[PDB]
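Encoded as structure tokens, the following chain is the form solved without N1-carboxypiperazine, with no partner shown.
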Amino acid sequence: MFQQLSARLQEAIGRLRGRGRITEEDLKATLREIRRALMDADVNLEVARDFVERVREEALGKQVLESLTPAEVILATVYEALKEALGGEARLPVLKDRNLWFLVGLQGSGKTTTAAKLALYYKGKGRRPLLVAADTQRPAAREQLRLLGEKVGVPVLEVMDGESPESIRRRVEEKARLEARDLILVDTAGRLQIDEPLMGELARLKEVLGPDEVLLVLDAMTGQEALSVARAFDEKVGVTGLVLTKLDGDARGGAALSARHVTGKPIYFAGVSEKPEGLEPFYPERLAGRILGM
């Protein structure tokens, strides 16, 4: 997945095993390599510096200098940092009796796609999802989700042009009632850049609908930019969880490894393909070990 950084963090570590015992000087050289790999992987400079410093201390604490095989100690420490950096323990939205989630993000984020992926994912977990195209301005946008739902066998309610939040709430509540939906997914309008008027309307909707979760969908290939947007969305509307899409095309992994510190939000899911099935719960442990070959 993160082959680039992987192969990179590999030479750095693999450059210590066959040596047999290592000196602090050699350790600093390795850490610099590691630190450079992270920066080159678009990892928030701050996160990258902290990472290597953490590895340094942890490494010394593990008596690395006093080891017949340091390359391994450095491996365990670096794996621990990646794991923590990625989020630590795996998390997932907690489902209740009835759930109503919002999907937010900018255009080309994978938002709408992820919307169907969630409906399909939870449809196979014994849920009855309802997809809703919340874009009140563009009919072509609601149309893209109407098709997707038709593809994953999940009903879709499309709001009207300029429909009010209350009207949308009434309509959505009634459908869920008559069709027995327990998971209600609201795909909100996707725009190129942050649109203040839209945020206002999303805030009002958030107020009228009262979503249990507000998932912001970010395209992982946009690097650190996805984090500045995540902050914007959190400050302007309010985020509860993240979804990293296009991770299969993500050669660096800067956004993934920086979301924790930068946004302080948990990454619930990871997009791994353009197909409705291309979704899976975010597993920090998995990726951490994967990046190192563990």
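Residue positions are given as counts along the sequence shown, with the first one as 1. We call the rigid core the largest set of C-alpha positions that still match within 1.5 Å between the two forms.
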property	result
Which of 95-103 and 128-136 has higher mean CA B factor, as the PDB entry lists it	95-103
Per the entry, higher mean C-alpha B factor between 284-292 and 4-12	4-12
Out of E207, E89, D182, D195, residue topping the C-alpha B-factor column of the entry	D195
Selection from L120, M221, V73, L216 [criterion: highest C-alpha temperature factor in the record]	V73
Third of chain Cα B-factors occupied by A48	middle
Entry-reported Cα temperature factor of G20, expressed as the chain third it lands in	highest
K246 by Cα B-factor - lowest, middle or highest third of the modelled chain	middle
Modelled-residue ranking by C-alpha temperature factor, third containing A85	highest
Among modelled residues of the same chain, the CA temperature factor third for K265	middle
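In what follows, reference is made to the form deposited with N1-carboxypiperazine bound, a form of this protein that is not presented.
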query: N1-carboxypiperazine contact at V52 in the deposited bound form, heavy atom, 4.5 Å; finding: no
query: Touches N1-carboxypiperazine in the deposited bound form: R290 (any heavy atom, 4.5 Å); finding: yes
query: Non-hydrogen atom contact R17 with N1-carboxypiperazine in the deposited bound form at 4.5 angstroms; finding: no
query: Contact of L247 with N1-carboxypiperazine in the deposited bound form (heavy atom, 4.5 Å); finding: yes
query: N1-carboxypiperazine: the contacting residue among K151, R204, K96, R170 in the deposited bound form [heavy atom, 4.5 Å]; finding: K96
query: Contact stretch among 153-161, 76-84, 118-126, 97-105 - heavy atom within 4.5 Å of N1-carboxypiperazine in the deposited bound form; finding: 97-105
query: Those residues of 257-293 which, in the deposited bound form, come within 4.5 Å of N1-carboxypiperazine by heavy atom; finding: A270, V272, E280, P281, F282, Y283, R286, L287, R290
query: Core-aligned CA displacement of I194 at least 2 Å between this form and the one not shown; finding: yes
query: Core-aligned CA displacement of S228 at least 2 Å between this form and the one not shown; finding: yes
query: Rigid core superposed: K275 CA moves 2 Å or more between this form and the one not shown; finding: no
query: Sense of CA distance change between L202 and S258 in the deposited bound form, threshold 3 Å; finding: closer
